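*Asks:* For reference, the structure I am asking about is given below.
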Amino acid sequence: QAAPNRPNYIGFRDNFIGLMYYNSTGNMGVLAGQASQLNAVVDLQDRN
Amino acid sequence: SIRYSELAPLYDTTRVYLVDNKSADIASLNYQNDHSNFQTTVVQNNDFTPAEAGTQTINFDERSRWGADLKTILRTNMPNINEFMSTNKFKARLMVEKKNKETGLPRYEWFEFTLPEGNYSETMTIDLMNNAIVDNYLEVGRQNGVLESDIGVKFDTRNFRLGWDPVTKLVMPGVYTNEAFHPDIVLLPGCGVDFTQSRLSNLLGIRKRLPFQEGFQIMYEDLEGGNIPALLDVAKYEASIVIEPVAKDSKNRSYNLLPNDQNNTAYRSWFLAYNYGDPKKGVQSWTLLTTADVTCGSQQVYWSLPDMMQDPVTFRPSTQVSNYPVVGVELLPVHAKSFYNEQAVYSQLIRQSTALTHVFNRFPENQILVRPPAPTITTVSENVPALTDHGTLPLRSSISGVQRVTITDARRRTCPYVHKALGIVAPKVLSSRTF
Amino acid sequence: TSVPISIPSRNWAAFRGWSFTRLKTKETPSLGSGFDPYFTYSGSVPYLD
Amino acid sequence: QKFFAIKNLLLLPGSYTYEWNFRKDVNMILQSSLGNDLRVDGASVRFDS
Amino acid sequence: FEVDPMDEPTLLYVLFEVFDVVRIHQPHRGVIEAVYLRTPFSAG
């Protein structure tokens with residue numbers, strides 16, 4: 001006597017959060033100039 | 001002023017330490033990062049339990065342009081034969097079959113070979129090639145109708161002129177000499193080898209006179225006049241006192257004689273053509289003879305720090321690991337040590353007497369295909385820790401608390417054989433950013 | 001039951017306040033690395049959404 | 001783009017290098033109605049351009 | 001704190017509301033410079 005298997009929607013996450021991975025210093029991109037040599041974007045580890 | 005948030009503003013050459021073994025406290029930052037490319041926290045402040053102290057930056061002064069005094073140590077346990085520096089990816093063509101072709105001449109095919117990855121001496125690695133070059137004749141070649149005395153490529157360390165009397169052009173005691181001069185190749189013409197894909201030519205010493213010109217394959221038609229001679233039949237010369245070249249050996253194994261009456265063999269050799277042919281047009285004009293040199297040449301490592309250092313000139317500060325700005329080019333700490341002996345040709349018989357194995361010595365009666373003798377100058381590659389200096393080079397002002405160290409090889413990827421990385425950075429004042 | 005936890009002694013210069021809540025260790029990634037083993041669980045982490 | 005210093009910004013002109021690292025962790029890019037184990041089943045995100 | 005009993009190993013999530021300010025400006029064409037602040041856990 002077979003009963004139906006259980007559903008599982010597989011979306012993305014809410015507002016795609018994580019597809020950009022922020023909040024980890026090291027492997028995070030920059031917003032610098034072409035030659036500014038100091039990025040305007042670093043972040044600290046405990047800030048989500 | 002060298003400012004920090006928690007402590008008082010200290011002065012004028014502090015010292016920041018970029019260690020590796022501290023990283024086990026930050027057990028979440030570097031999982032897929034190797035031991036060379038890692039991340040550590042600079043601060044080493046036991047008050048803050050430095051899982052949380054990875055954010056407290058070390059703010060240098062912004063009024064005077066700083067400058068570091070870089071020092072580092074590096075000890076890398078790296079095997080002499082690896083899969084990383086491409087010591088076991090070469091091509092060596094062989095004479096596969098000659099039975100069922102019905103075209104006369106046999107068929108050839110380029111075979112890619114591998115080596116069991118470890119750390120081996122030069123007396124063994126050349127004789128470990130005979131675990132690679134046999135296992136695609138013992139696997140593929142023997143099953144398709146070709147005799148055992150027709151194996152194309154065998155590396156060798158011996159000479160074939162030591163009894164060559166030009167009265168006769170044979171070897172008068174009837175045995176080839178057992179000393180090891182240089183590692184050359186011993187070949188059947190038609191099925192050459194390759195080293196352009198590999199770095200294994202650095203191991204032997206059979207490299208190229210004009211090294212940059214792309215494509216280096218010592219094909220087996222370029223060796224002209226370097227025919228290995230035959231044997232004077234000392235079993236019949238001494239039993240008659242007439243001159244006979246030895247055609248077949250003692251187990252129905254023949255050589256390759258051009259006709260049977262010529263006192264040369266079709267088996268050629270590189271060292272027999274490098275120094276016993278024409279010195280202007282031969283292989284001597286586009287190859288050269290070098291040292292034994294088991295180390296294969298140390299490819300330099302690029303010591304790099306992405307965020308500690310304002311970059312050297314013409315470097316992008318990008319985050320790609322193959323584009324980090326190099327802040328120092330130190331030597332690879334793999335170091336050559338030449339251990340000499342004299343009994344090593346007889347120690348071959350000693351190392352055979354403790355095993356009773358012909359496993360490592362196939363074909364003991366074919367005098368060409370004898371196991372190549374041990375050189376008297378053996379070389380091994382140990383690994384000395386190198387405390388080195390990289391002078392003085394500029395500094396990013398606000399150094400982050402977490403910090404990446406990256407060691408990068410000549411192929412511009414991270415080394416997997418670095419297993420003790422340690423950088424020491426000491427700031428100082430270079431110039432004045434304000435007037 | 002208890003969490004005998006205390007911050008290291010340092011400046012508290014004019015902040016706004018605490019905000020404490022909870023989550024499961026299985027249901028929360030290790031984001032400090034570039035990639036995450038020990039994170040078999042998948043879906044609607046309390047740490048982000 | 002959710003990062004606060006580049007959420008809003010008024011770019012006065014120039015050429016700006018804009019490095020970025022994306023995520024291919026299929027384990028935590030796909031929310032589930034179940035909270036199962038992804039990446040052991042065989043889901044795989046890929047990136048064309 | 002002291003909390004209830006559970007089943008899973010859990011983590012005690014604290015969200016200190018502690019002033020994050022960025023002060024960016026550009027004096028040139030392609031020279032952008034960021035100044036940060038967070039004032040405990042200081043960084044600049």
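FYI, nothing fancy with the structure tokens labels: chains A, B, ... in order, residues from 1 per chain, ligands from 1 as they appear.
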Just need the residues of chain A within 9 Å of chain D, counting only C-alpha atoms, so spit them out as a PyMOL selection string.

*Replies:* chain A and resi 6-14+16-22+27-36+40-41

*Asks:* Could you write those residues out with N, CA, C and O atoms, as a short mmCIF file (atom, residue, chain, number, x, y, z; two decimals), in the first residue's frame?

*Replies:*
```cif
data_model
loop_
_atom_site.label_atom_id
_atom_site.label_comp_id
_atom_site.auth_asym_id
_atom_site.auth_seq_id
_atom_site.Cartn_x
_atom_site.Cartn_y
_atom_site.Cartn_z
N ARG A 6 7.32 12.68 0.14
CA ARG A 6 7.17 13.98 0.77
C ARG A 6 7.77 15.09 -0.10
O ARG A 6 8.79 14.88 -0.75
N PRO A 7 7.14 16.26 -0.12
CA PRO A 7 7.61 17.33 -1.00
C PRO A 7 8.88 17.99 -0.50
O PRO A 7 9.23 17.93 0.68
N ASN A 8 9.58 18.63 -1.44
CA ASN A 8 10.77 19.42 -1.10
C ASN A 8 10.95 20.45 -2.21
O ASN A 8 11.49 20.12 -3.27
N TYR A 9 10.53 21.68 -1.96
CA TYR A 9 10.88 22.76 -2.88
C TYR A 9 12.36 23.06 -2.74
O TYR A 9 12.90 23.04 -1.63
N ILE A 10 13.03 23.31 -3.85
CA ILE A 10 14.44 23.69 -3.84
C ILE A 10 14.53 25.01 -4.59
O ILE A 10 14.70 25.06 -5.81
N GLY A 11 14.41 26.12 -3.87
CA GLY A 11 14.62 27.42 -4.45
C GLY A 11 16.07 27.84 -4.31
O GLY A 11 16.96 27.04 -4.02
N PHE A 12 16.31 29.13 -4.52
CA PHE A 12 17.54 29.74 -4.06
C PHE A 12 17.34 30.15 -2.61
O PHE A 12 16.38 29.74 -1.95
N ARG A 13 18.24 30.96 -2.07
CA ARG A 13 17.94 31.48 -0.75
C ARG A 13 17.21 32.81 -0.92
O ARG A 13 17.13 33.36 -2.02
N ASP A 14 16.58 33.27 0.17
CA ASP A 14 15.91 34.56 0.21
C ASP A 14 16.89 35.67 -0.15
O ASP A 14 17.91 35.83 0.52
N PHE A 16 18.91 35.81 -2.55
CA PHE A 16 20.14 35.20 -3.07
C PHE A 16 21.31 35.26 -2.10
O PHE A 16 22.46 35.21 -2.54
N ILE A 17 21.06 35.37 -0.79
CA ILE A 17 22.13 35.73 0.13
C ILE A 17 23.07 34.54 0.34
O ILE A 17 22.64 33.42 0.65
N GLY A 18 24.35 34.78 0.09
CA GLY A 18 25.36 33.74 0.05
C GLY A 18 25.97 33.53 -1.32
O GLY A 18 27.14 33.13 -1.41
N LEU A 19 25.19 33.76 -2.39
CA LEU A 19 25.73 33.66 -3.75
C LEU A 19 26.89 34.63 -3.95
O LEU A 19 27.91 34.27 -4.53
N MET A 20 26.74 35.85 -3.46
CA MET A 20 27.90 36.62 -3.04
C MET A 20 28.29 36.15 -1.65
O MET A 20 27.46 36.19 -0.73
N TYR A 21 29.53 35.72 -1.46
CA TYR A 21 29.97 35.41 -0.11
C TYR A 21 30.83 36.57 0.38
O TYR A 21 31.97 36.76 -0.05
N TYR A 22 30.21 37.38 1.24
CA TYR A 22 30.80 38.47 2.02
C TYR A 22 31.49 37.89 3.24
O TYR A 22 31.95 36.75 3.21
N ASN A 27 39.53 35.75 0.36
CA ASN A 27 38.58 35.46 -0.71
C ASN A 27 37.36 36.38 -0.61
O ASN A 27 36.23 35.95 -0.38
N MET A 28 37.62 37.68 -0.76
CA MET A 28 36.56 38.64 -0.98
C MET A 28 37.08 39.72 -1.91
O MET A 28 38.17 40.25 -1.70
N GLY A 29 36.29 40.05 -2.93
CA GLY A 29 36.70 40.97 -3.96
C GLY A 29 36.82 42.41 -3.48
O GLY A 29 36.53 42.76 -2.34
N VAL A 30 37.28 43.26 -4.40
CA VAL A 30 37.64 44.62 -4.07
C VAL A 30 36.77 45.58 -4.87
O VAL A 30 36.16 45.22 -5.89
N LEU A 31 36.70 46.81 -4.38
CA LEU A 31 36.19 47.96 -5.14
C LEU A 31 37.30 48.98 -4.97
O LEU A 31 37.27 49.81 -4.07
N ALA A 32 38.31 48.89 -5.81
CA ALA A 32 39.41 49.82 -5.78
C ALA A 32 39.38 50.64 -7.06
O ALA A 32 38.48 50.51 -7.88
N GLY A 33 40.38 51.50 -7.22
CA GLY A 33 40.58 52.16 -8.48
C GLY A 33 41.29 51.25 -9.45
O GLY A 33 41.59 50.09 -9.17
N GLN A 34 41.56 51.79 -10.64
CA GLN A 34 42.44 51.09 -11.56
C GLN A 34 43.85 51.02 -11.01
O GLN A 34 44.55 50.02 -11.22
N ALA A 35 44.27 52.04 -10.27
CA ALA A 35 45.61 52.05 -9.69
C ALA A 35 45.63 52.55 -8.26
O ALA A 35 46.66 53.05 -7.80
N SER A 36 44.52 52.45 -7.53
CA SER A 36 44.46 53.04 -6.19
C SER A 36 45.28 52.25 -5.18
O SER A 36 45.71 52.81 -4.17
N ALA A 40 38.81 49.87 -1.32
CA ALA A 40 37.83 50.51 -0.46
C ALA A 40 36.90 49.52 0.20
O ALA A 40 35.99 49.94 0.93
N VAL A 41 37.08 48.23 -0.04
CA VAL A 41 36.25 47.20 0.56
C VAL A 41 37.17 46.15 1.16
O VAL A 41 37.80 45.37 0.43
#
```

*Asks:* Write out as JSON, numbers by chain every residue belonging to chain E that has an atom at most 12 Å from any atom of chain A, counting only C-alpha atoms.

*Replies:* {"E": [13, 14, 15, 16, 17, 18, 19, 20, 21, 22, 23, 24, 25, 26, 27, 28, 29, 30, 31, 32, 33, 34, 35, 36, 37, 38, 41, 42, 43, 44]}

*Asks:* Deliver the residues from the most recent selection as a file, using C-alpha atoms, as a JSON list (two decimals), in the first residue's frame.

*Replies:*
```json
[["chain", "number", "residue", "atom", "x", "y", "z"],
["E", 13, "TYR", "CA", 24.31, 34.14, 19.08],
["E", 14, "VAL", "CA", 25.11, 37.65, 20.35],
["E", 15, "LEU", "CA", 24.59, 40.66, 18.07],
["E", 16, "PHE", "CA", 26.36, 43.66, 19.59],
["E", 17, "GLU", "CA", 24.85, 46.78, 18.00],
["E", 18, "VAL", "CA", 28.16, 48.60, 17.75],
["E", 19, "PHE", "CA", 28.66, 51.56, 15.41],
["E", 20, "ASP", "CA", 29.77, 50.64, 11.90],
["E", 21, "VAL", "CA", 30.59, 53.74, 9.86],
["E", 22, "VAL", "CA", 32.48, 53.98, 6.58],
["E", 23, "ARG", "CA", 33.85, 57.34, 5.41],
["E", 24, "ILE", "CA", 34.81, 57.13, 1.75],
["E", 25, "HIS", "CA", 35.92, 59.85, -0.59],
["E", 26, "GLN", "CA", 37.94, 60.19, -3.76],
["E", 27, "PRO", "CA", 40.35, 63.09, -4.38],
["E", 28, "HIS", "CA", 41.19, 61.88, -7.88],
["E", 29, "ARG", "CA", 40.03, 59.85, -10.85],
["E", 30, "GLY", "CA", 40.35, 56.30, -9.60],
["E", 31, "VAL", "CA", 41.81, 56.90, -6.14],
["E", 32, "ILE", "CA", 39.04, 55.88, -3.74],
["E", 33, "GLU", "CA", 39.94, 55.66, -0.06],
["E", 34, "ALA", "CA", 37.87, 54.08, 2.72],
["E", 35, "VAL", "CA", 37.98, 54.89, 6.43],
["E", 36, "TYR", "CA", 36.21, 52.44, 8.72],
["E", 37, "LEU", "CA", 35.06, 52.48, 12.32],
["E", 38, "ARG", "CA", 33.53, 50.00, 14.74],
["E", 41, "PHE", "CA", 36.42, 45.77, 17.99],
["E", 42, "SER", "CA", 38.28, 48.76, 16.60],
["E", 43, "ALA", "CA", 39.48, 49.00, 13.00],
["E", 44, "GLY", "CA", 40.45, 51.98, 10.84]]
```

*Asks:* Quick check, in Å to one decimal: how far apart do atom CA of residue B:53 and atom CA of residue B:73 lie?

*Replies:*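 Between atom CA of residue B:53 and atom CA of residue B:73 the gap is 25.5 Å.
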
*Asks:* I'd like the neighbourhood of residue E:12 as a list in words, where a residue qualifies if any of its atoms comes within 10 Å (using only C-alpha atoms), though same-chain residues fewer than 3 positions away should be ignored.

*Replies:* residues 3, 5, 20, 21, 22, 23, 24 and 25 of chain C; 1, 3 and 15 of chain E

*Asks:* Counting only C-alpha atoms, which residues of chain C come no farther than 12 Å from chain E, as a PyMOL selection string?

*Replies:* chain C and resi 1-29+46-48

*Asks:* Write out as an MDAnalysis selection string the residues lying within 12 Å of stretch 351-365 of chain B, counting only C-alpha atoms and excluding same-chain residues fewer than 2 positions away.

*Replies:* chainID B and resid 124:135 138 148:151 154 175:176 248:255 343:349 367:374

*Asks:* Filtering to N, CA and C atoms, could you give me those residues as a CSV table (one decimal), in the first residue's frame?

*Replies:*
```csv
chain,number,residue,atom,x,y,z
B,124,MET,N,69.2,4.8,-8.4
B,124,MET,CA,68.0,4.0,-8.4
B,124,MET,C,67.0,4.5,-9.4
B,125,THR,N,66.8,5.8,-9.6
B,125,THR,CA,65.8,6.3,-10.4
B,125,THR,C,65.9,6.0,-11.9
B,126,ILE,N,67.2,6.0,-12.3
B,126,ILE,CA,67.5,5.5,-13.7
B,126,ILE,C,67.2,4.0,-13.8
B,127,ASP,N,67.4,3.3,-12.8
B,127,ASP,CA,67.0,1.9,-12.7
B,127,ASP,C,65.6,1.6,-12.3
B,128,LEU,N,64.9,2.7,-11.9
B,128,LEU,CA,63.4,2.7,-11.7
B,128,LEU,C,62.7,3.0,-13.0
B,129,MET,N,63.3,3.7,-13.9
B,129,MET,CA,62.9,3.8,-15.3
B,129,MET,C,62.6,2.4,-15.9
B,130,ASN,N,63.4,1.4,-15.5
B,130,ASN,CA,63.2,0.0,-16.0
B,130,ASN,C,62.1,-0.7,-15.3
B,131,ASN,N,61.4,0.0,-14.4
B,131,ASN,CA,60.0,-0.5,-14.0
B,131,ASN,C,58.9,0.2,-14.8
B,132,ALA,N,59.3,1.3,-15.5
B,132,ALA,CA,58.3,2.0,-16.3
B,132,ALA,C,58.4,1.5,-17.8
B,133,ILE,N,59.6,1.5,-18.3
B,133,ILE,CA,59.8,1.1,-19.7
B,133,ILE,C,59.6,-0.4,-20.0
B,134,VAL,N,59.8,-1.2,-18.9
B,134,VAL,CA,59.5,-2.6,-19.1
B,134,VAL,C,58.0,-2.9,-19.1
B,135,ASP,N,57.3,-2.2,-18.1
B,135,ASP,CA,55.8,-2.5,-17.9
B,135,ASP,C,54.9,-1.9,-19.0
B,138,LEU,N,56.3,-5.5,-21.2
B,138,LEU,CA,55.9,-6.7,-20.5
B,138,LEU,C,54.3,-6.7,-20.4
B,148,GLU,N,62.3,-10.7,-27.0
B,148,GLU,CA,62.7,-10.0,-25.8
B,148,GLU,C,63.9,-9.1,-26.0
B,149,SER,N,64.7,-9.4,-27.0
B,149,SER,CA,66.0,-8.7,-27.2
B,149,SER,C,65.8,-7.5,-28.2
B,150,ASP,N,64.5,-7.0,-28.3
B,150,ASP,CA,64.2,-6.0,-29.2
B,150,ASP,C,63.5,-4.8,-28.5
B,151,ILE,N,63.8,-4.6,-27.2
B,151,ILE,CA,63.2,-3.5,-26.5
B,151,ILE,C,63.9,-2.2,-26.9
B,154,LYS,N,66.3,1.9,-23.4
B,154,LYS,CA,66.8,1.6,-22.0
B,154,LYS,C,67.8,2.7,-21.6
B,175,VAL,N,83.8,-8.5,-22.8
B,175,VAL,CA,82.8,-8.0,-21.9
B,175,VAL,C,82.8,-6.5,-21.9
B,176,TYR,N,81.7,-5.8,-22.1
B,176,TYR,CA,81.6,-4.4,-21.9
B,176,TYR,C,82.0,-4.0,-20.5
B,248,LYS,N,74.7,-13.8,-31.0
B,248,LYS,CA,73.7,-14.2,-30.0
B,248,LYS,C,74.4,-14.3,-28.7
B,249,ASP,N,73.6,-14.0,-27.6
B,249,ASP,CA,74.1,-14.2,-26.3
B,249,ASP,C,73.7,-15.6,-25.8
B,250,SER,N,73.8,-15.8,-24.5
B,250,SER,CA,73.8,-17.2,-24.0
B,250,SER,C,72.4,-17.8,-23.8
B,251,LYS,N,71.3,-17.1,-24.1
B,251,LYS,CA,70.0,-17.6,-23.9
B,251,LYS,C,69.1,-17.3,-25.1
B,252,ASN,N,69.7,-17.6,-26.3
B,252,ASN,CA,69.1,-17.3,-27.6
B,252,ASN,C,68.6,-15.8,-27.8
B,253,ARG,N,69.3,-14.9,-27.1
B,253,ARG,CA,69.1,-13.5,-27.3
B,253,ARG,C,70.2,-12.9,-28.2
B,254,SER,N,69.8,-12.4,-29.3
B,254,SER,CA,70.7,-11.8,-30.3
B,254,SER,C,70.8,-10.3,-30.1
B,255,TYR,N,71.8,-9.7,-30.6
B,255,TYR,CA,71.9,-8.3,-30.8
B,255,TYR,C,71.2,-7.9,-32.1
B,343,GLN,N,82.5,1.2,-3.8
B,343,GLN,CA,82.0,-0.2,-3.8
B,343,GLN,C,80.6,-0.3,-4.4
B,344,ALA,N,80.0,0.8,-4.9
B,344,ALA,CA,78.6,0.8,-5.3
B,344,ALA,C,78.3,-0.1,-6.5
B,345,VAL,N,79.2,-0.3,-7.4
B,345,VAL,CA,79.1,-1.3,-8.4
B,345,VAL,C,79.0,-2.7,-7.9
B,346,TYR,N,79.8,-3.0,-6.8
B,346,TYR,CA,79.8,-4.2,-6.2
B,346,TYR,C,78.7,-4.3,-5.1
B,347,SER,N,78.3,-3.1,-4.6
B,347,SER,CA,77.1,-3.1,-3.7
B,347,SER,C,75.8,-3.4,-4.4
B,348,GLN,N,75.8,-3.2,-5.7
B,348,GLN,CA,74.7,-3.8,-6.5
B,348,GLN,C,74.6,-5.3,-6.4
B,349,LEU,N,75.8,-6.0,-6.3
B,349,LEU,CA,75.8,-7.4,-6.1
B,349,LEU,C,75.5,-7.7,-4.6
B,367,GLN,N,74.2,-8.4,-22.6
B,367,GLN,CA,75.2,-7.5,-22.1
B,367,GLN,C,74.8,-6.0,-22.4
B,368,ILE,N,74.1,-5.8,-23.5
B,368,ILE,CA,73.5,-4.4,-23.6
B,368,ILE,C,72.4,-4.2,-22.6
B,369,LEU,N,71.5,-5.1,-22.4
B,369,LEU,CA,70.4,-4.9,-21.5
B,369,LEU,C,70.7,-5.3,-20.0
B,370,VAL,N,72.0,-5.3,-19.7
B,370,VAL,CA,72.3,-5.4,-18.3
B,370,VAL,C,71.9,-4.2,-17.5
B,371,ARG,N,71.3,-4.4,-16.3
B,371,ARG,CA,71.1,-3.5,-15.2
B,371,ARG,C,72.2,-2.4,-15.2
B,372,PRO,N,71.9,-1.1,-15.3
B,372,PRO,CA,72.9,-0.1,-15.4
B,372,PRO,C,73.6,0.0,-14.1
B,373,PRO,N,74.9,0.1,-14.1
B,373,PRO,CA,75.7,0.1,-12.8
B,373,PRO,C,75.5,1.3,-12.0
B,374,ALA,N,75.7,1.2,-10.7
B,374,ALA,CA,75.6,2.3,-9.8
B,374,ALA,C,76.8,3.3,-10.1
```

*Asks:* Find the residues around residue B:113 up to 8 Å (only C-alpha atoms counted), leave out those fewer than 2 positions away in its own chain, and share them as a PyMOL selection string.

*Replies:* chain B and resi 88-92+111+115+132-133

*Asks:* Tell me as an mmCIF file with C-alpha atoms, in the first residue's frame which residues belonging to chain C come within 6 Å of chain B, counting only C-alpha atoms.

*Replies:*
```cif
data_model
loop_
_atom_site.group_PDB
_atom_site.id
_atom_site.type_symbol
_atom_site.label_atom_id
_atom_site.label_comp_id
_atom_site.auth_asym_id
_atom_site.auth_seq_id
_atom_site.Cartn_x
_atom_site.Cartn_y
_atom_site.Cartn_z
ATOM 1 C CA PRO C 8 37.821 40.284 27.043
ATOM 2 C CA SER C 30 31.422 28.025 8.913
ATOM 3 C CA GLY C 32 35.160 32.082 7.401
ATOM 4 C CA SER C 33 36.503 29.459 5.011
#
```
